[PDB]
Structures are given as C-alpha cells and as structure tokens.
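Asker: Residue numbers (the entry's author numbering): 9 to 74, 81 to 98, 107 to 387. Heads up, the beta-carbon is just placed ideally off N, CA and C, and yes, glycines get one too. Pasting a structure below so you can have a look.
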Ligand SMILES: Cc1cc2nc3c(=O)[nH]c(=O)nc-3n(C[C@H](O)[C@H](O)[C@H](O)COP(=O)(O)OP(=O)(O)OC[C@H]3O[C@@H](n4cnc5c(N)ncnc54)[C@H](O)[C@@H]3O)c2cc1C
Ligand SMILES: [Cl-]
C-alpha cells in the first residue's frame, strides 16, 4: 500500500488521481493554489478522441462532458487557405475535480524541495515550512516543474512571445469585426509575427500576437505599466505595413486587457532512465508549444499511468517503467510533429511557405 504523492492538481495531476481512485488506489495531490478555482482559466479546449476524450471516458465523465471554420491570411489580408469537442477550461477542471476525493487534495502546498530517502521514497518540502513523505512521487507540476529535476536536467527552450487581448460582447459592440472573424478562427502570418482571432461561444473574440523574439522581450515592452493608448500605438508600430483592416482588431480590443507570456518547449525526444519510485506527466514530462495539444496529452498521461499502477499493484517500478516506455514514444512522435508545425507557422516567410506547400501539391494532381 504505497503512499503516492502527486505534486500539481492541474489537468494531468487530477486525471491521475481520479483514475487511481477509480481503481481503488489512494493518492494525495499537493497543489500550490489556495483553492479549486484560485487561478482564473478562460477559454475553451478541443478534446481529441484518442486523448482528452478517452481520458474523460475512462474517468466516467463521458456523459458529463457533453462551425469551427479556419482562415489563414497574409499581412495584406489575402486568404491563403480556407477550412470549414469544445469545452470551457474552467468547466473541465470542475469535471476532473468531481472525480478526485475532496480530502485527497492538499491545497496551498507549494513544493520547494525534494530529498531522496535511503530506504526509498521521498520527503517533499513545502514553502509553508512543512513536509510530507511518500513512497511514490509523480511530478504533475507543469511547465516549470520542480520535480522534473529528479529525472533529468533538461530545461525548456524559449520559442516565442505570446500576447492575448480580448473583445467582449463583439456581436453588440464590434459587429463588423464580429462578422469579419465569424464563428471560427483566423490567423494572419507575417515576418516572425502572427495575428490571430478566435470567436468563443460566450460572445467574446480572443485576439493574439505571436512573435519570434527572445525571452526578455515581453518584459522589455512594459505593457503592464503603459497607458493603453501607448500600448495600441506600439502594437500598430509592431504591425507596420499590415492591412489596416487586419490591424483594426487591435483598436477594437477591450482597453487594459493584455496578458503576455513566453512559449517554450523541452527539446524534442527528451527522455531519461526510468527510476523505481518517481516519474513525470504532462508538461513536466514533455512540455510542447500549444500546437502539441498538451492538455489532451496530460490527461492521457494521467489515465495511462493510473492503468499502469493498477496493472502492477505489487511493483510500482514496473508500473512506472511500462508507463514511461509508451509515454517516451508518444512524446517523441508528437513533439517532432509539433515542432515542425510551430517553426513553419512562425517564420520570416511563413505565408510563402504555406502557399508553396499547396503549390507543390498541385503538381501531384
Ligand atoms: C497559450 C496556450 C494555449 C494552449 N492551448 C491548448 C489547446 O488548445 N489544447 C491543448 O490540448 N492544450 C493546450 N495548451 C497546453 C495546456 O495548457 C498544457 O499542456 C496543460 O495544461 C498541461 O497540463 P499539466 O497538468 O501537465 O500542467 P498544468 O495544467 O499547468 O498543471 C500544473 C499544476 O501544478 C501546480 N504547481 C506548479 N508548481 C507547483 C509546485 N511547486 N507545488 C505545487 N503545485 C505546483 C500548478 O498550480 C498547476 O495546478 C495550451 C497552452 C498554452 C500556454
Ligand atoms: Cl465594428
């Protein structure tokens, strides 16, 4: 009856804990957040049949779980290509929490250190000064995982800056733009600089800026201290030369609503020697850019690892090793494909590359 500790009550950590519980296996989730909705989580996720949806199915949440047009543009506004499972992130977290016993999540416990024990297992050190011991440790603590360092010294590599703005109540307040975006999404591809817009089912349009810059670029802009007029002017300067129709999205956005982050990823094919009493899942195991659909993979990781523990109830080393063999292979395949997509879609000549792809395919007609 090993004491299993799961650091991180995110998508993967909760999926693991819920699936272990459904197999009769107790585990404790240690989560830095003060409560179940301490951190706002806006937007929607598309869950895939083989991953996100499979997890909800195995968790017993299939019932509970229940136009996506896409336009790709160039900076002049020309449509390069045209194409014609959704769940709110907050609602998904509620669904996952409903399958984890309430008393098995320790809120407000932020892992700051791990000390290996001679007899096996680990001592978990927390910011509040307390500790907890376990026999099995699962790192489910996200992109900046603290547990990851027990398995590998591999670090996330910086890829890009990502800025997120909003248009609230677009149908009433910005009807032209609402009609221009429509019910799906659009992405305009420039020179190491992309502009995206995605309509949500709550009446809002999310506007994004992605640009190939160094890790300190977001901080250097000082958006959080700037007057909104200056933020808009700087963004127009960033998009100099673009079609004024496209860049009017900037002026339509809710004043004061800009969140900036860095997009990063562990190197493709990252893996490690399997250890007998500790492992990783989700972003901790294999952080990828958003195109890697890491929410889906973290949920899949969680239920596959639980199945492995239940398949080897007398040997957690065998469970961890079986889980990792499959997880290493899946992460390598998806990581390589995500890296091709991320580097082709954000490039000095991104629009040209996309057009060339279809021009080439015509020759095979
Ligand atoms: C901009 C953006 C868009 C994305 N879009 C999509 C999409 O459309 N589809 C998709 O499938 N994926 C998407 N992803 C990826 C997805 O958000 C992540 O891959 C996913 O959340 C990984 O889940 P996780 O459980 O591994 O980590 P997380 O969900 O980040 O959970 C980690 C948890 O650990 C906690 N924690 C962290 N450190 C500690 C500590 N020291 N002690 C205790 N607790 C700690 C955190 O508070 C958190 O609760 C997107 C990601 C980004 C950045
Ligand atoms: Cl309008």
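Which one or two residues does DSSP pair with residue 38 in a beta bridge?
Answerer: BP columns for residue 38 point to 15, 128.
Asker: Taking only runs of the alpha helix (DSSP H) that begin and end inside the segment 309-376, which ones reach a length of at least 4 residues, in chain order?
Answerer: 316-333, 338-367, all fully within the segment 309-376.
Asker: Compute the distance between the beta-carbons of residue 34 and residue 146, then report whether it is under 8 Å.
Answerer: For residue 34 and residue 146, no; Cβs fall outside 8 Å.
Asker: So, for residue 130: in the same chain, excluding its five sequence neighbours on each side, which residues have a beta-carbon less than 6 Å away from its beta-carbon?
Answerer: Once the five neighbours on either side are set aside, the close Cβ partners of residue 130 are 42.
Asker: Do you know offhand how far residue 327's Cα is from residue 342's?
Answerer: Looking at the two C-alpha atoms, the distance is approximately 7 Å.
Asker: What is the rounded straight-line gap between the Cα of residue 357 and the Cα of residue 364?
Answerer: Approximately 10 Å between the Cα atoms of the pair.
Asker: Give the secondary structure of residue 186 by DSSP, where H, G and I count as helix, E and B as strand, and everything else as coil.
Answerer: Correct three-state label for residue 186: strand.
Asker: Under 8 Å between the Cβ atoms of residue 304 and residue 314?
Answerer: No, these two residues do not count as a Cβ contact at 8 Å.
Asker: For residue 267 and residue 236, I'd like the C-alpha separation in whole angstroms.
Answerer: Roughly 28 Å between the two C-alpha positions.
Asker: Residue 209 bridges to which residues according to DSSP?
Answerer: According to DSSP, residue 209 bridges with 86, 218.
Asker: Report the three-state DSSP secondary structure of residue 172 (helix, strand or coil).
Answerer: Residue state, collapsed to three classes: helix.
Asker: What are the boundary residues of the beta strand (DSSP E) that includes residue 77?
Answerer: In this structure residue 77 is absent; the chain steps straight from 74 to 81.
Asker: With 16 as the cutoff for other CB atoms within 10 Å, does residue 405 come out buried or exposed?
Answerer: Past the boundaries of the shown model lies residue 405; the chain is included only from 9 to 387, so the question cannot be answered.
Asker: May I have the straight-line CA-CA distance separating residue 202 from residue 56, to the nearest angstrom?
Answerer: About 28 Å.
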